[PDB]
Amino acid sequence: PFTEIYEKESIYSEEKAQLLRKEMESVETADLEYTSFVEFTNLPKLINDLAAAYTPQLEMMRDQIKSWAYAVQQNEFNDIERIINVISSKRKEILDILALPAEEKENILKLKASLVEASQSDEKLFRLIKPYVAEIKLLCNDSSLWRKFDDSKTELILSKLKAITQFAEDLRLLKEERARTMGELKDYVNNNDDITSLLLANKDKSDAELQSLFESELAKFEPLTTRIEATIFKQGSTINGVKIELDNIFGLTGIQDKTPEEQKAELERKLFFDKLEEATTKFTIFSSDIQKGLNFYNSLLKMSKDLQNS
């Protein structure tokens with residue numbers, strides 16, 4: 001007596017759950033990025049090896065290209081290009097569904113279909129960079145063939161190594177700091193996040209806000225989210241600087257003589273072929289769009305099935 005209080009509380013809890021979901025998505029993306037970096041670079045074994053030889057980049061590029069190509073190959077959706085034919089099939093299904101209705105909700109559905117068609121047209125624009133990259137990536141033979149085709153400076157290397165160590169430790173500490181930051185934010189919702197005892201502003205109305213109190217109560221969560229974003233950006237520039245310094249150290253460690261001009265040109269070509277990976281990532285990002293569009297299409301088809309005879 002009554003149950004409305006628990007309803008409002010449930011609503012506020014839902015909002016809080018949404019915010020925590022957003023923040024968790026952000027930190028998850030950050031952690032995934034840093035983990036991908038730390039996995040690709042292998043900074044620990046590189047530092048250990050360099051330190052051992054004191055007192056390769058090609059292996060890295062091979063590992064990253066192999067991982068990207070394998071991941072792209074596994075998700076059998078982008079390479080096949082059968083999705084357009086599938087869309088045509090879905091269109092045929094919708095055509096069959098459209099074939100004794102006498103209302104204007106069919107024309108509206110047609111308009112929605114038109115919008116989906118426009119979305120498909122927009123989807124076509126990204127096919128240019130995708131098709132060339134993905135097809136050359138799908139073949140192990142071609143990719144392997146193309147990939148295969150292409151003192152007193154010790155103290156500097158040592159200093160660079162030290163800087164790399166400090167940078168790495170700073171990065172790990174940043175990740176730990178973010179994880180703890182979240183841990184406290186989530187632990188703040190499953191603990192002393194108050195209740196309906198603060199809900200003394202009458203018995204709402206409702207629908208007349210009623211929501212300003214929720215926004216206000218949510219606005220005190222800002223100092224944790226801001227700390228999360230701060231640690232994320234800091235780990236961002238940390239990642240950039242560490243990448244730069246490690247690139248310099250890796251360029252000072254190897255040959256460095258150098259010659260010939262065809263050598264630097266070939267290396268340049270190799271670094272050029274690594275720009276395909278970017279397009280691969282882009283096509284991966286485009287994969288999550290075609291999936292959503294197929295979901296909407298299937299939803300529309302099921303909607304037509306229901307509208308036919310529910």
# chains A, B, ... in the order shown; residues from 1 in each chain; ligands from 1
$ residues_around --residues "region 98-108 of chain A" --least-positions-apart "6" --cutoff "12 Å" --atoms "only C-alpha atoms" --output "number ranges by chain"
A: 91-92, 114-115, 300-301, 303-305, 307-309
$ residues_around --residues "region 135-146 of chain A" --least-positions-apart "2" --cutoff "10 Å" --atoms "only C-alpha atoms" --output "PyMOL selection string"
chain A and resi 62+65-66+68-70+72-74+76+78-80+130-133+148-150+270+273+276-277+280
$ atom_distance --atom1 "CA of residue 32 (chain A)" --atom2 "CA of residue 288 (chain A)"
17.1 Å
$ closest_residue --among "A:75, A:196, A:235, A:240" --to "residue 13 (chain A)" --atoms "only C-alpha atoms"
A:196
$ closest_atom_pairs --of "region 42-152 of chain A" --to "region 245-269 of chain A" --cutoff "12 Å" --atoms "only C-alpha atoms" --output "tab-separated table"
residue	atom	partner	partner_atom	distance
A:42	CA	A:246	CA	11.4
A:43	CA	A:246	CA	8.9
A:46	CA	A:250	CA	9.5
A:47	CA	A:246	CA	9.8
A:49	CA	A:253	CA	11.5
A:50	CA	A:253	CA	8.5
A:51	CA	A:253	CA	11.4
A:53	CA	A:253	CA	10.5
A:54	CA	A:253	CA	10.2
A:56	CA	A:250	CA	7.9
A:57	CA	A:250	CA	7.5
A:58	CA	A:267	CA	10.1
A:60	CA	A:250	CA	11.5
A:61	CA	A:267	CA	11.9
A:146	CA	A:269	CA	10.6
A:147	CA	A:269	CA	10.1
A:148	CA	A:266	CA	11.4
A:149	CA	A:266	CA	9.3
A:150	CA	A:266	CA	5.9
A:151	CA	A:253	CA	10.4
A:152	CA	A:252	CA	11.4
$ select_by_dssp --residues "region 52-241 of chain A" --states "alpha helix (DSSP H)" --output "ChimeraX atom specification"
/A:52-54,57-74,83-98,105-125,129-138,140-149,154-189,212-218,222-241
$ closest_residue --among "A:306, A:167, A:291, A:178" --to "residue 87 (chain A)" --atoms "only C-alpha atoms"
A:291
$ residues_around --residues "residue 183 (chain A)" --least-positions-apart "5" --cutoff "12 Å" --atoms "only C-alpha atoms" --output "list in words"
residues 20, 23, 24, 27, 176, 177, 178, 188, 189, 190, 191, 224, 225 and 228 of chain A
$ write_last_selection --atoms "N, CA, C and O atoms" --output "compact mmCIF listing (two decimals), in the first residue's frame"
# COMPACT_ATOMS: atom_id res chain seq x y z
N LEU A 20 24.73 2.70 -16.39
CA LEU A 20 25.79 1.75 -16.06
C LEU A 20 26.12 0.87 -17.26
O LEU A 20 27.27 0.47 -17.44
N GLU A 23 28.29 3.17 -19.66
CA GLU A 23 29.64 3.27 -19.11
C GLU A 23 30.39 1.95 -19.24
O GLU A 23 31.59 1.94 -19.55
N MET A 24 29.68 0.85 -19.02
CA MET A 24 30.31 -0.47 -19.11
C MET A 24 30.69 -0.79 -20.55
O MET A 24 31.71 -1.44 -20.78
N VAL A 27 34.00 1.34 -21.15
CA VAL A 27 35.17 0.71 -20.53
C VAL A 27 35.52 -0.63 -21.18
O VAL A 27 36.69 -0.99 -21.27
N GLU A 176 44.16 -0.81 -14.71
CA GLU A 176 43.78 -1.16 -13.35
C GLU A 176 42.94 -0.06 -12.70
O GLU A 176 41.94 -0.34 -12.03
N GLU A 177 43.34 1.19 -12.92
CA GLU A 177 42.65 2.34 -12.36
C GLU A 177 41.23 2.46 -12.91
O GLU A 177 40.30 2.80 -12.17
N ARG A 178 41.08 2.20 -14.20
CA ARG A 178 39.76 2.23 -14.83
C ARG A 178 38.87 1.12 -14.28
O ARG A 178 37.71 1.36 -13.91
N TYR A 188 28.54 1.10 -6.21
CA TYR A 188 27.77 2.19 -5.63
C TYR A 188 26.28 2.05 -5.95
O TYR A 188 25.44 2.61 -5.25
N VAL A 189 25.96 1.31 -7.00
CA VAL A 189 24.56 1.10 -7.36
C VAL A 189 23.96 -0.09 -6.61
O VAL A 189 22.78 -0.08 -6.26
N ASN A 190 24.77 -1.12 -6.37
CA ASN A 190 24.32 -2.28 -5.61
C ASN A 190 24.60 -2.14 -4.12
O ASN A 190 24.75 -3.14 -3.41
N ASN A 191 24.68 -0.91 -3.63
CA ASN A 191 24.86 -0.66 -2.21
C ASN A 191 24.11 0.58 -1.73
O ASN A 191 22.88 0.60 -1.70
N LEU A 224 32.34 9.76 -11.29
CA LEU A 224 32.95 8.46 -11.54
C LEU A 224 33.13 8.22 -13.04
O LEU A 224 34.17 7.72 -13.49
N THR A 225 32.11 8.60 -13.81
CA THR A 225 32.16 8.50 -15.26
C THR A 225 33.24 9.40 -15.84
O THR A 225 33.94 9.02 -16.78
N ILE A 228 36.43 7.78 -15.37
CA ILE A 228 36.57 6.69 -16.32
C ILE A 228 37.03 7.20 -17.69
O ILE A 228 37.96 6.66 -18.29
$ atom_distance --atom1 "CA of residue 41 (chain A)" --atom2 "CA of residue 275 (chain A)"
17.3 Å
$ closest_residue --among "A:179, A:279, A:86, A:109" --to "residue 128 (chain A)" --atoms "only C-alpha atoms"
A:279
